[PDB]
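In: part one of the complex, untouched from its place in the assembly:
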Amino acid sequence: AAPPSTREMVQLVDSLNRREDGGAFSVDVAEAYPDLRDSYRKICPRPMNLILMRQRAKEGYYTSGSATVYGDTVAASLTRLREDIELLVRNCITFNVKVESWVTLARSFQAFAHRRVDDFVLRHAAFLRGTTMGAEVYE
């Protein structure tokens, strides 16, 4: 199948912004909390949020060069975007581990995000129908 366009990838990332999340995954923590940045970066050495992900989508980072677009399964497709989703969730759960509202939100976003990517892959790549889904692998 043809790779998704960058516009399609941007639309996909845009679709990951849920009003229910209240901008939780869109905020650059290091910029918004300068006095906690060192403490945050200790626990979360790698930045990730939906602003960075939309920049990556717009640039072709998820769909160009060495990026895996279609893998041998749905789960194994759009690996760079899946890794970013996984890092967003990992950072949230690790740093906010003692706050149940945050962890619950993070897990809800994780499941939602992988389902959205799964659906997107299947819309573009019918040859991957019935293979392992990202929603089944990630958790």
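Out: In hand now; what should we look at? Numbering: from 1, shown residues only, chains lettered A, B, ... in the order given.

In: Give me the most central residue, chain A.
Out: For chain A, the residue nearest the mean C-alpha position is residue A:85 (2.3 Å; CA atoms, centre = their mean).

In: mind checking which helix or strand residue A:97 is in?
Out: Using DSSP states H and E, residue A:97 maps to neither a helix nor a strand.

In: counting contacts, what elements does the lengthiest helix in chain A pack onto?
Out: Scanning chain A for the helix with the most residues, using DSSP state H, yields helix A:100-124. Contacts defined by 3 or more CB pairs under 8 Å, 6 or more residues apart in numbering; DSSP states H and E place helix A:100-124 against helix A:6-15, helix A:79-95, helix A:134-137. Where C-beta positions appear, they are placed from N, C-alpha and C, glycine not excepted.

In: Now do that helix against helix A:6-15: the angle between them, please.
Out: Taking axes from the mean of the first three to the mean of the last three CA atoms, to 10 degrees, one finds helix A:100-124 and helix A:6-15 inclined to each other by 150 degrees.

In: ok and helix A:100-124 relative to helix A:79-95, angle-wise?
Out: Computed by the same axes, to 10 degrees, the angle separating helix A:100-124 from helix A:79-95 equals 170 degrees.

In: which outside residues touch helix A:100-124?
Out: By CB atoms under 8 Å, 6 or more residues apart in numbering, the surrounding residues in contact with helix A:100-124 are A:1-4, A:8, A:12, A:15-16, A:18, A:21, A:24-25, A:70, A:74-75, A:77-78, A:81-82, A:85-86, A:88-89, A:92-93, A:96-97, A:128-129, A:133-135, A:137-139.

In: following sequence is chain B, place it on the structure:
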Amino acid sequence: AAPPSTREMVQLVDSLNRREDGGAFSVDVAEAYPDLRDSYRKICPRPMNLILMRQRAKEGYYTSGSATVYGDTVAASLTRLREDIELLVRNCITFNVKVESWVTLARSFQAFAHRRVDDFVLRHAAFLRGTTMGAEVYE
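Out: Chain B now in position relative to the chains above:
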């Protein structure tokens, strides 16, 4: 005319916990984030949250000694509780000053909390009906 009981004060404070707030105003930021303890104390040196406020209620702080229970207006009643609500709000806004959603939530809570106190005052001191309400004046 009788001051509220300690149990009534504890129930009032507990009524300030909203499910939708996800523990925003109940979490002890030091306790949930033990390694941020000293950093937080530096930004918000006088902590306030609904757990501390419930403890203060149990200790009789909101109605004993020099406390103003019923003033000349609703807004002028239960001043020590109102002062704690205000500190809770100020600390939230201080810490989250670069995150507009947090500030919006803190201001939403401020109004809700004062209105809860206002309604409580009017149930215990119906003579104050028609006087200035704290929800209008504490902004």
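
In: The contacts of helix A:100-124 again please, chain B included this time.
Out: A:1-4, A:8, A:12, A:15-16, A:18, A:21, A:24-25, A:70, A:74-75, A:77-78, A:81-82, A:85-86, A:88-89, A:92-93, A:96-97, A:128-129, A:133-135, A:137-139, B:22-23 (CB atoms under 8 Å, 6 or more residues apart in numbering or on different chains).

In: try stretch A:82-95
Out: Under the criterion CB under 8 Å, 6+ apart, residues A:16, A:24-25, A:40, A:43-44, A:46, A:48-50, A:52-53, A:56, A:75, A:102-103, A:105-107, A:109-110, A:113-114, A:117, A:134, A:138 lie in contact with stretch A:82-95.

In: Can you say which of those are buried?
Out: Burial of these was assessed by neighbour count (16 or more other CB atoms under 10 Å in any protein chain shown); the buried members are A:16, A:24-25, A:40, A:44, A:48-50, A:52-53, A:56, A:75, A:102-103, A:105-106, A:109-110, A:113-114, A:117, A:134, A:138.

In: any idea how far residue A:11 is from whatever residue of chain A ends up closest to chain B?
Out: Closest approach between chain A and chain B, counting by CB to the nearest CB: residue A:101, at 3.3 Å. To residue A:11, residue A:101 is 29 Å away according to CB to CB, to the nearest Å.

In: who has more neighbours, these two?
Out: residue A:101 (17 against 13; other CB atoms under 10 Å in any protein chain shown).

In: ok, now how distant is that one from residue B:20?
Out: 10 Å.

In: Then residue A:73?
Out: The gap separating residue A:73 from residue B:20 is 38 Å, by CB to CB.

In: So the two - more neighbours on which side?
Out: More neighbours surround residue A:73 than the other of residue A:73 and residue B:20, with 16 against 8 (other CB under 10 Å).

In: How about residue A:58, nearest residue that isn't a chain neighbour?
Out: Distances taken as CB to CB, 6 or more residues apart in numbering or on different chains place residue A:10 nearest to residue A:58, at 5.5 Å, with adjacent residues excluded.
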